[PDB]
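As a starting point, one isolated chain is supplied in structure tokens, in the form deposited in one PDB entry.
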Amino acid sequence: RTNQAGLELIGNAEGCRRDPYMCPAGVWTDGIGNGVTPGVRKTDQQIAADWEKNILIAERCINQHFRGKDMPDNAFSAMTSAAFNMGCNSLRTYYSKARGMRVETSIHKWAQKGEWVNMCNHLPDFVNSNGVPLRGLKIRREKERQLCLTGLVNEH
């Protein structure tokens, strides 16, 4: 279902090879050991082989957990892009240090209410990898947000 604009944001496996900000969530694991124990990384060829499956899994995340079937295509496609890049669990909850536990994300709260503008406006809440803030993720989230909002707000 992801539309052309969403697919531009997701890109392709060769794009992940050159710009690792484009890679699917599951490969953002280099060097983050604390264990669990180390394990071998994925090959480029495995990333390419699983690329479409991972888009499907992202769409399923949005459908199952974010009311995707009720969204317009632009919001759906933006949210799928975010789920592809960040993973479903990361969009559903986050660990609150203040409260000492995993809590629901605002983006999920708003999606469950069908409040797509508010949902879209929380895309830039997900700009960290392994707890480290990244400019490339902020840029990505903002571009997804603009897609997401297209048709939902006054165009001028």
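Numbering starts at 1 and runs along the sequence shown. Throughout, rigid core stands for the largest set of C-alpha atoms superposing within 1.5 Å between the two forms.
Just so you know, the form deposited in another entry exists too; it's not on screen, but the next bit is about it.
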### Message
With the core superposed, a Cα shift of 2 Å or more between the shown form and the other one singles out one residue among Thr29, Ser106, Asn63, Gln112. Which one is it?
### Response
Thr29
### Message
Once you overlay the rigid core, does the Cα of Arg135 travel 2 Å or further between the shown form and the other one?
### Response
no
### Query
Does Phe126 show a Cα shift reaching 2 Å between the shown form and the other one after rigid-core superposition?
no
### Query
After superposition on the rigid core, does the Cα atom of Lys42 shift by at least 2 Å between the shown form and the other one?
yes
### Task
Once you account for a change of 3 Å or more, let me know if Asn12 and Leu9 sit closer or farther in the other entry, using their C-alpha atoms.
closer
### Message
Closer or farther: the C-alpha atoms of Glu14 and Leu91 in the other entry, versus the form shown, with a change of 3 angstroms or more?
### Response
closer
